[PDB]
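These protein sequences, in sequence, are chains T, O and U.
Okay, so the first sequence: first residue is 91 according to the deposited numbering, each after it adds one.
Okay, so the second sequence: first residue is 283 according to the deposited numbering, each after it adds one.
Okay, so the third sequence: first residue is 193 according to the deposited numbering, each after it adds one.
Using N, Cα and C, we set each Cβ at its ideal position, and we do this for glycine too.
Down below is the structure, laid out as structure tokens.
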Amino acid sequence: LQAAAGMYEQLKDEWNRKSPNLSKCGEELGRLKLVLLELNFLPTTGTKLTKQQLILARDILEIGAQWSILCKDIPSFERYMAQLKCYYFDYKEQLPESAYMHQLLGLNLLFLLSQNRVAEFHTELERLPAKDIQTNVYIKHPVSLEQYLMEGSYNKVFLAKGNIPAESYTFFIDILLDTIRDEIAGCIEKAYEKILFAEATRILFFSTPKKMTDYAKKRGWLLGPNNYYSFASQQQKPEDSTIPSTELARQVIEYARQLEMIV
Amino acid sequence: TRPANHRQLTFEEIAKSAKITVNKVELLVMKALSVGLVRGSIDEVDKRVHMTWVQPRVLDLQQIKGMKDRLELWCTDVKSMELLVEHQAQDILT
Amino acid sequence: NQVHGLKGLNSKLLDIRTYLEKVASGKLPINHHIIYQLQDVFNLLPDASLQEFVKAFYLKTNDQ
Numbered sequence: 091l092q093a094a095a096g097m098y099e100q101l102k103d104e105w106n107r108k109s110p111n112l113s114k115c116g117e118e119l120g121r122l123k124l125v126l127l128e129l130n131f132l133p134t135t136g137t138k139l140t141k142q143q144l145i146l147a148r149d150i151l152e153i154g155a156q157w158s159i160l161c162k163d164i165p166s167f168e169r170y171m172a173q174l175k176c177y178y179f180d181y182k183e184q185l186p187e188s189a190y191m192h193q194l195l196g197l198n199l200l201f202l203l204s205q206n207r208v209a210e211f212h213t214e215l216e217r218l219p220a221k222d223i224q225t226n227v228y229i230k231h232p233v234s235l236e237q238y239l240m241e242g243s244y245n246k247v248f249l250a251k252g253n254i255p256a257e258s259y260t261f262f263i264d265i266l267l268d269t270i271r272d273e274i275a276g277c278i279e280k281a282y283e284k285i286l287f288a289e290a291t292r293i294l295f296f297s298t299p300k301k302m303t304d305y306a307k308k309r310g311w312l313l314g315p316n317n318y319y320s321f322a323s324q325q326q327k328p329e330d331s332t333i334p335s336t337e338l339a340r341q342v343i344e345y346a347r348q349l350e351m352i353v
Numbered sequence: 283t284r285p286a287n288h289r290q291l292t293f294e295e296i297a298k299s300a301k302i303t304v305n306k307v308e309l310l311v312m313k314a315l316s317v318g319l320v321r322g323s324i325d326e327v328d329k330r331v332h333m334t335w336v337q338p339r340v341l342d343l344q345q346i347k348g349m350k351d352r353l354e355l356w357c358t359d360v361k362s363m364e365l366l367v368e369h370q371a372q373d374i375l376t
Numbered sequence: 193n194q195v196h197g198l199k200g201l202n203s204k205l206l207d208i209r210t211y212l213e214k215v216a217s218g219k220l221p222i223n224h225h226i227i228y229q230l231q232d233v234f235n236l237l238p239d240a241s242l243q244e245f246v247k248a249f250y251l252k253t254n255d256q
């Protein structure tokens with residue numbers, strides 16, 4: 091039941107640039123729970139008869155989810171998305187579907203990569219196979235981005251895109267940039283013995299040389315354009331035939347005794 | 283002193299203390315390996331002496347103290363290990 | 193036999209150990225034999241090394 095506006099569809103009209111006030115939006119979240127009690131009444135009491143009402147219910151909570159991550163409210167985006175999760179495949183089908191469900195799916199998928207919750211992305215994909223549930227324009231962008239991470243194809247990764255739609259997609263991509271940056275520092279630490287400043291700016295995706303100086307010393311790298319971490323450790327690992335060891339095949343002492351119990 | 287804990291020692295300190303040349307200190311040291319007064323090798327690829335075994339000089343009070351504290355550490359080790367061997371293959375052991 | 197060996201070894205080491213305490217203070221004689229034995233342990237430095245395993249056991253029960 092959405093009719094009129096002061097807490098019903100008030101949030102919806104706010105999300106537009108008609109009234110582009112965010113200042114009202116902070117207050118709105120407490121009031122929206124009051125209209126939300128009523129909205130909750132319709133799903134799995136009636137189904138089709140209640141259809142119109144569902145559409146409207148979902149639109150306010152979903153459109154406000156996008157508008158309360160331009161207020162940068164983290165707890166709000168997740169609890170709306172969570173609420174609407176069941177609305178995606180509600181019962182048989184309550185049909186609360188909105189255009190905005192299309193963007194939402196895409197926002198959640200970028201959110202999960204920034205948080206580094208790859209397991210959840212995969213779990214969502216298994217629900218997803220018939221991707222004609224809202225089609226692929228905003229869902230195609232997260233899947234390409236996940237592959238690129240996956241591959242090691244860091245150059246391709248979008249840190250240049252997703253800042254360009256400014257509705258709610260920007261919030262996830264800014265944090266993600268820190269995460270990929272860290273990921274490069276680790277790969278390079280084990281991989282290669284030196285790093286230059288000509289080298290560094292591009293690979294870590296630093297903006298400045300000052301950022302380079304900061305990130306390298308923490309790890310312990312910095313000595314100049316020439317350092318030596320990697321090389322020495324890579325060489326050291328084969329041969330423990332002249333040097334005592336017990337590593338692999340477990341703890342030996344247990345190992346011999348266990349082997350004999352089994353047979 | 284140094285051999286016991288870790289096997290190898292440099293040969294350069296011993297020649298200078300001798301105050302006699304390098305080509306004649308080796309000679310006496312080889313003779314010492316031969317009789318069995320000391321056992322081990324002289325490696326001139328790095329100019330160090332690797333001692334396998336050292337003689338313990340006899341009737342020294344200090345040495346008795348030294349072996350005692352070591353011995354207690356070994357005793358612990360036996361007990362620690364013994365509980366583990368019985369834990370697995372206990373069904374088989376009875 | 194292995195477990196029997198550990199409790200047994202442990203007894204031998206106590207004899208030496210209690211003796212040293214007694215020689216150092218209480219003035220029991222210093223014999224070359226006791227000292228020779230102790231020194232060798234440090235010197236030999238045994239190094240753990242590979243080998244001795246087999247996988248045959250399963251095939252035989254399967255056949256039967």
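Provide the residue span of the beta strand (DSSP E) that contains residue i, from first to last.
i, result
"residue 290 (chain O)", "290-292"
For residue i, I'd like the list of residues in its chain whose CB is within less than 8 Å of its CB, leaving aside the five on either flank, ordered along the chain.
i, result
"residue 111 (chain T)", "104"
"residue 334 (chain T)", "none"
"residue 191 (chain T)", "148, 152, 174, 178 and 224"
"residue 302 (chain T)", "287, 290, 291, 294 and 296"
"residue 300 (chain O)", "307"
Checking the sheet assignment: what are the DSSP bridge partners for residue i?
i, result
"residue 136 (chain T)", "T:133"
With a CB to CB cut of under 6 Å and the five nearest residues on each side skipped, what residues in its chain are close to residue i?
i, result
"residue 248 (chain T)", "235"
"residue 322 (chain O)", "332, 333 and 334"
"residue 312 (chain T)", "306"
"residue 216 (chain T)", "none"
"residue 236 (chain U)", "none"
"residue 253 (chain T)", "260 and 263"
"residue 317 (chain T)", "284 and 311"
"residue 238 (chain T)", "246 and 247"
Along the chain, where does the alpha helix (DSSP H) that runs through residue i open and close?
i, result
"residue 203 (chain U)", "194-216"
"residue 100 (chain T)", "100-105"
"residue 284 (chain O)", "Here residue 284 (chain O) belongs to no alpha helix (DSSP H), and DSSP marks it neither H nor E."
"residue 323 (chain T)", "320-326"
"residue 375 (chain O)", "372-375"
"residue 342 (chain T)", "342-352"
"residue 249 (chain U)", "249-255"
"residue 235 (chain U)", "224-236"
"residue 302 (chain T)", "300-309"
Excluding five sequence neighbours on each side, which residues of the same chain lie with their C-beta closer than 7 Å to the C-beta of residue i?
i, result
"residue 129 (chain T)", "91 and 147"
"residue 222 (chain U)", "215"
"residue 144 (chain T)", "132, 133, 184, 185 and 186"
"residue 339 (chain T)", "345"
"residue 315 (chain O)", "321 and 322"
"residue 181 (chain T)", "134 and 137"
In chain A, which residues lie with their C-beta within 8 Å of the C-beta of residue i?
i, result
"residue 367 (chain O)", "In the structure shown, chain A cannot be found, because the protein chains are T, O and U."
Query raised in the report: Is it a yes or a no for the segment 347-365 of chain O touching the segment 194-206 of chain U, going by three-plus beta-carbon pairs under 8 Å?
Result: A contact exists between the segment 347-365 of chain O and the segment 194-206 of chain U.
Query - Inter-stretch contact at 8 Å, needing at least 3 Cβ pairs: the segment 209-216 of chain T / the segment 274-281 of chain T - result: Taking a cut-off of 8 Å for Cβ pairs, the segment 209-216 of chain T and the segment 274-281 of chain T do not touch, as fewer than three such pairs fall below it.
**Report entry** Whole beta strand (DSSP E) elements within the segment 297-352 of chain O, 3-residue minimum
**Finding:** Runs found: 321-325 and 330-335.
Report task. Please confirm if the segment 92-100 of chain T is in contact with the segment 116-132 of chain T, defined as three or more CB-CB distances below 8 Å between the two stretches. Result -> Counting C-beta pairs closer than 8 Å gives three or more between the segment 92-100 of chain T and the segment 116-132 of chain T, which meets the contact rule.
Report task. Pair every Cβ in the segment 289-298 of chain O with every Cβ in the segment 316-330 of chain T, then say whether three or more of these pairs are closer than 8 Å. Result -> Between the segment 289-298 of chain O and the segment 316-330 of chain T there are fewer than three inter-stretch CB-CB distances shorter than 8 Å, so the stretches are not counted as touching.
Requested in this report: Spell out a yes or no on whether the segment 122-139 of chain T and the segment 191-199 of chain T are touching, meaning 3 or more CB-CB pairs, one atom from each, closer than 8 Å.
Outcome: Short answer: they don't touch.
Query raised in the report: In the segment 149-183 of chain T, which residue ranges form an unbroken alpha helix (DSSP H) of at least 4 residues, counting only runs that do not cross its ends?
Result: Entirely contained in the segment 149-183 of chain T, the alpha helix (DSSP H) runs reaching 4 residues are, in chain order, 164-178.
Report task. Within the segment 189-232 of chain T, note down every full alpha helix (DSSP H) run reaching 4 residues or more, in order along the chain. Result -> As far as the segment 189-232 of chain T is concerned, its whole alpha helix (DSSP H) runs of at least 4 residues are 190-205 and 208-217.
Query - At least three beta-carbon pairs within less than 8 Å, the segment 202-221 of chain U to the segment 339-357 of chain O - result: Yes, the segment 202-221 of chain U touches the segment 339-357 of chain O.
Query raised in the report: Are the segment 346-362 of chain O and the segment 304-314 of chain O touching by the rule of at least three beta carbon pairs closer than 8 Å?
Result: No, because fewer than three Cβ pairs between the segment 346-362 of chain O and the segment 304-314 of chain O fall closer than 8 Å, the two stretches do not touch.
Query raised in the report: Quick one: any contact between the segment 212-227 of chain T and the segment 159-168 of chain T, if contact means 3 or more CB pairs under 8 Å?
Result: These segments do not touch.
Report task. Mind listing, in chain order, the continuous alpha helix (DSSP H) runs of no fewer than 4 residues lying wholly within the segment 244-287 of chain T? Result -> DSSP runs (the alpha helix (DSSP H)) wholly in the segment 244-287 of chain T: 260-281.
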